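# What the coordinates show
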Amino acid sequence: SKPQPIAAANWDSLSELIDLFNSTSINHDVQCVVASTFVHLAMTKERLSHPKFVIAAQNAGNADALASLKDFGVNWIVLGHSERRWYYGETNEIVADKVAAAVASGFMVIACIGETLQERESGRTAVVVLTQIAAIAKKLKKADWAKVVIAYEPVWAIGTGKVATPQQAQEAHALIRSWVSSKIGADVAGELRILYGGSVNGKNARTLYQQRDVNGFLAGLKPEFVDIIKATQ
C-alpha cells in the first residue's frame, strides 16, 4: 500500500488562501505543506493554523540560515526545484549538498528532480533524473531517507506546450522508485513519497494520484490546492 501522501504547494491573495486552507476539513491522512519565500514566512506561520499543514522554507543552503529556520519552527524545506537548476545554476551536487545540510539540520526535505523538454525529447529522462537523485543519495545515509521526499518535476511540460499523462507521470515515478529500490533498498523505496510536481488541477490530480507510484503533489499555492489535497486518495 501507499505511504502517507503529501500535498505541497510552492510559492491571488495569500491571506485569503490561508483562510480557505484553515477552513478546509481534510478527512483523510495527508501531510499538507505550504512552502513560502522568506518574506511571507512569518505571516504564513502566524496565519496558517490547520494542523495537517506544515510550513516549508525553500532553497536555504546556509547552515546558519537552516538553523534559524528550525529555530523559527520551520521543519520542512523544498530544494532543487526546477528554476534553481535551470536558472540559478544549482548543480546536482549543490542540490545534493543542500539536501544533506537540511537533513543534518533536522529538516524534512522535499527534493525536486526532473528533466527538461530537450532531455525528455532526446530520450534522456532516465539518465538525467536518476543522475540527479544519485547525486542526492551520495550525500545521504540510508536512515536519512526517512526525512526525504522526492518531487518529480516534468520541467519539460512547463511553458513548452506539452502535457503530462498519468502514464508519463507513472513511468517517471516508477523509474525513480525502482532506482531507490535497487540502490538504496526496497524498504526505503516502499516508504518513499514521490510527488508529481508538474502543473496540476483538481481533475488531473485525482487521476494522477490513482497511479501506483504517485504519493501526492508539489503544486501551486492557489485556491485549487484544496482540490489537489482532496485528490490524494
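In the PDB header, X-ray crystallography is given as the technique by which the entry was determined, and 1.900 Å as its resolution.

### Some details on a nonpolar patch on the surface
A cluster of nonpolar side chains, contributed by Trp 86, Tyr 87 and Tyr 88, occupies part of the molecular surface with about 440 Å² of accessible area. By the element assignment, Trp 86 lies in helix α4 (residues 82-86). Since its relative accessible area comes to 57%, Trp 86 is described here as exposed.

### A look at the UniProt feature "active site" in the protein
The residues that UniProt annotates with the feature "active site" are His 81 and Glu 153. Spatial clustering of the annotated residues is evident: they stretch over 73 residues in sequence, but the largest pairwise C-alpha distance comes to 7.7 Å. Within the element layout of this structure, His 81 appears in the loop between β4 (76-79) and α4. By relative accessible area, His 81 is classed as buried at 14%. Among all residues touching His 81, those that are not within four sequence positions of it are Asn 10, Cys 112, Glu 153 and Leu 218. Of note, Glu 153 is situated in the loop between β6 (148-152) and α8 (166-183). The exposure class of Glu 153 is buried, given its relative accessible area of 6%. The residues contacting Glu 153, other than those within four sequence positions of it, are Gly 80, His 81, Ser 82, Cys 112, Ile 113, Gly 114, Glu 115 and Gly 197.

### Topic: the packing of aromatic side chains
Applying the stated criterion to the full structure yields five aromatic pairs. Judged by centre distance (5.5 Å) and plane angle (65 degrees), the rings of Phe 21 and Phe 225 are edge-to-face. Of this pair, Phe 21 sits in helix α1 (residues 14-22) while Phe 225 sits in helix α11 (residues 225-230), and the two are 204 residues apart along the sequence. A relative accessible area of 1% means that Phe 21 is categorised as buried.

### Examining the packing of α1 against helix α2 (residues 38-47)
How two helices pack is summed up by the angle between their axes together with the distance between the axes. Taken N-terminus to C-terminus, the directions of α1 and α2 make an angle of 30 degrees; their axes are 10 Å apart at the nearest point. By the angle between their directions, the pair α1 and α2 is classed as roughly parallel. In the crossing of α1 with α2, the sense of the turn from one axis to the other is right-handed. Contacts from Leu 14, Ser 15, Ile 18, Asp 19 and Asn 22 in α1 reach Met 43, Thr 44 and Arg 47 in α2. When grouped by side-chain class, the residues that make up the contact of α1 with α2 number three nonpolar, three polar and two charged.

### A word on the pairing of β4
Side chains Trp 76 and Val 78 of β4 all project onto a buried face; the interleaved residues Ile 77 and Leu 79 project onto the opposite face, where all are buried too. The sheet contact formed by strand β3 (residues 53-58) and β4 spans three bridges and is parallel. Opposite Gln 58, over in β4, you have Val 78 as the bridge partner. Once the chain exits β3 it traverses helix α3 (residues 63-71) before rejoining the sheet at β4, and the crossover so formed is right-handed. Strand direction decides the pairing type here: β4 and strand β5 (residues 108-113), joined by four bridges, are parallel. By the bridge assignment, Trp 76 is partnered in β5 with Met 108.

So, how was this worked out
Residues numbered from 1 in each chain as written, not as in the entry; some residues may be left out. Heavy atoms only, no water. Patch = residues over 30% accessible without salt bridge, like charges linked within 9 Å, V, L, I, M, F, W, Y side chains within 5 Å. Areas by Shrake-Rupley, 256 points an atom, 1.4 Å probe, with all protein chains shown as cover. Salt bridge = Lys/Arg side-chain N within 4 Å of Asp/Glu carboxyl O. Helix = DSSP H or I, 4+ residues; strand = E, 2+ residues; numbered from the N terminus. Buried < 20%, exposed > 50% of the residue type's maximum accessible area, 1.4 Å probe, protein only. UniProt positions renumbered as here; feature names shortened; annotations may be inferred. Contact = heavy atoms within 4.5 Å. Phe/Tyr/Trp six-rings, centres within 6.5 Å; stacked < 30°, edge-to-face > 60°. Axes fitted to C-alpha atoms, helices over the stretch in contact; angles between N-to-C directions. Parallel < 35°, antiparallel > 145°, perpendicular 65-115°, else oblique. Left-handed = near helix turned anticlockwise from the far one by under 90°. Nonpolar A, V, L, I, M, F, W, Y, C, P; charged D, E, K, R; others polar. Pairing = 2+ DSSP bridges. Right-handed = clockwise from strand over helix to strand, strands pointing away.

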